[PDB]
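Asks: Residue numbers (UniProt numbering), protein chains in the order written: chain V, 1 to 122; chain X, 3 to 122. Before we start, here is the structure in question, set down as structure tokens.
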Amino acid sequence: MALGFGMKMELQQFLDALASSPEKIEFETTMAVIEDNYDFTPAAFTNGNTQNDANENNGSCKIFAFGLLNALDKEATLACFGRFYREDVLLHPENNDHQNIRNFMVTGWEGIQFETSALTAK
Amino acid sequence: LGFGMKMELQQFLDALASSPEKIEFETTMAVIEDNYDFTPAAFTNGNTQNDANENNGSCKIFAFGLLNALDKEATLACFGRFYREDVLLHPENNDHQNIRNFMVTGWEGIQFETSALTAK
């Protein structure tokens with residue numbers, strides 16, 4: 001478990017929180033929830049004008065796979081990136097970091113295509 | 003039907019966007035069959051829980067909606083007559099529980115344990 005023994009981050013509460021106050025969700029929270037609740041396997045995926053091989057950008061891969069399993073809208077999926085979205089990207093539009101976030105902002109779920117699945121529930 | 007005949011995904015989505023009431027369940031099932039490998043998956047849908055291999059029609063349609071960025075109403079349209087006739091015209095009946103649940107709670111009520119469709 002991410003936080004300690006006998007301590008697992010509950011999926012439902014996370015999703016409820018994300019739905020209520022997406023702006024308060026941190027990247028480390030999303031990661032704890034994904035790590036605790038899923039088994040990850042790498043997967044290639046395209047994301048508008050960017051393409052990721054398996055094992056490239058595994059963090060983004062996890063978040064989009066999570067967004068698909070949990071039927072998250074574009075705004076909620078972006079919010080799962082926490083400060084990477086809210087600070088790194090939104091405050092600095094001309095930077096070139098987090099290409100997956102920047103691409104998904106443009107083309108959204110329409111632009112996403114996985115070659116295979118990356119997450120299975122525990 | 004014939005050898006070498008496959009339903010193209012893009013045209014189905016364009017047709018669904020243009021004239022959703024002309025979409026029929028058979029067409030949706032064919033497009034999913036032609037375009038995806040299906041793996042039974044457990045999922046919850048508001049107040050209903052579906053085991054893997056239970057309610058495979060609903061499992062496929064919801065997975066297909068997510069993969070193709072469909073909103074609630076476009077997804078319901080993929081059920082064709084089962085939504086438009088059986089459910090909408092008969093609020094007192096309790097068939098098609100996945101359609102009935104999704105109408106109320108939408109994508110916020112949907113959670114898949116595993117991915118049901120992978121692109122061919």
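From the three backbone atoms N, C-alpha and C, an ideal C-beta is built for every residue, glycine too.
1) Among V:38, V:116, V:23 and V:75, whose alpha-carbon lies nearest the alpha-carbon of residue 10 (chain V)?
2) Using a Cβ-Cβ cutoff of less than 7 Å, which residues in the same chain neighbour residue 113 (chain X) once the five nearest sequence positions on both sides are dropped?
3) Taking 9 Å as the CB-CB cut-off, is residue 112 (chain X) touching chain V?
4) Along the beta strand (DSSP E) that carries residue 120 (chain X), what are the first and last residues, could you check?
5) If you draw a straight line from the alpha carbon of residue 3 (chain X) to that of residue 33 (chain X), how long is it in whole angstroms?
6) Using C-beta distances below 8 Å, list every residue in its chain close to residue 53 (chain V), excluding the 5 sequence neighbours before and after it, in chain order.
7) Does the structure place the segment 16–28 of chain X close enough to the segment 83–92 of chain V that three or more beta carbon pairs sit under 8 Å?
8) With a threshold of 6 Å on Cβ separation, who are the neighbours of residue 30 (chain X) within its own chain once the five nearest residues in sequence on each side are excluded?
9) Interface residues of chain V around residue 18 (chain X) at Cβ under 7 Å?
10) Looking at the C-beta of residue 117 (chain V), does it have a partner C-beta in chain X at a distance below 9 Å?
11) Could you spell out the range, first to last residue, of the alpha helix (DSSP H) harbouring residue 16 (chain V)?
12) Can you list the residues of chain X that residue 69 (chain V) reaches, using a CB-CB cut of under 8 Å?
13) Quick one: list the residues of chain V neighbouring residue 121 (chain X), beta-carbon separation under 7 Å, in chain order.
14) Just to confirm the assignment: which complete alpha helix (DSSP H) runs, minimum length 4, are found wholly within the segment 40–110 of chain V?
15) Near residue 99 (chain V), which residues of its chain fall below 6 Å by C-beta distance, leaving aside the five closest residues on each side in sequence?
16) Under three-state DSSP, which class holds residue 31 (chain X)?
17) CA-CA distance, residue 41 (chain X) and residue 28 (chain X)?
18) Give the residues of chain X in contact with residue 53 (chain V), contact being defined as C-beta atoms less than 8 Å apart.
Replies: On the basis of the supplied data:
1) Minimum Cα distance to residue 10 (chain V) is reached at V:38.
2) Here the set comprises 45 and 46.
3) Closer than 9 Å: yes.
4) 119–121 is the span of the beta strand (DSSP E), which, as asked, contains residue 120 (chain X).
5) In this structure, the straight-line span from the alpha carbon of residue 3 (chain X) to that of residue 33 (chain X) is close to 12 Å.
6) 44, listed in sequence order.
7) A contact is defined here as three or more CB-CB pairs under 8 Å, and the segment 83–92 of chain V fails this definition with respect to the segment 16–28 of chain X.
8) Annotation for residue 30 (chain X): 80 place their beta carbon closer than 6 Å to its own, counting only its chain and skipping 5 residues before and after.
9) Going along chain V, no residue has its Cβ under 7 Å from residue 18 (chain X), so there is no contact; the nearest lies around 14 Å.
10) Taking Cβ atoms only, chain X reaches closer than 9 Å to residue 117 (chain V), which makes this a yes.
11) It spans 11–20 - the alpha helix (DSSP H) in which residue 16 (chain V) sits, taken as one unbroken run.
12) Chain X residues near residue 69 (chain V): 113, 114, 115, 116 and 117.
13) Residues of chain V passing the Cβ test: 113.
14) If only uninterrupted alpha helix (DSSP H) runs of at least 4 residues are considered, those enclosed by the segment 40–110 of chain V are 58–69, 74–80 and 99–107.
15) For residue 99 (chain V), where only same-chain residues beyond five positions count, the Cβ hits under 6 Å are 50.
16) In the three-state DSSP reduction, residue 31 (chain X) falls in the helix class (H, G or I).
17) Looking at the two C-alpha atoms, the distance is approximately 20 Å.
18) Correct list: empty, because the minimum Cβ distance to chain X is about 17 Å.
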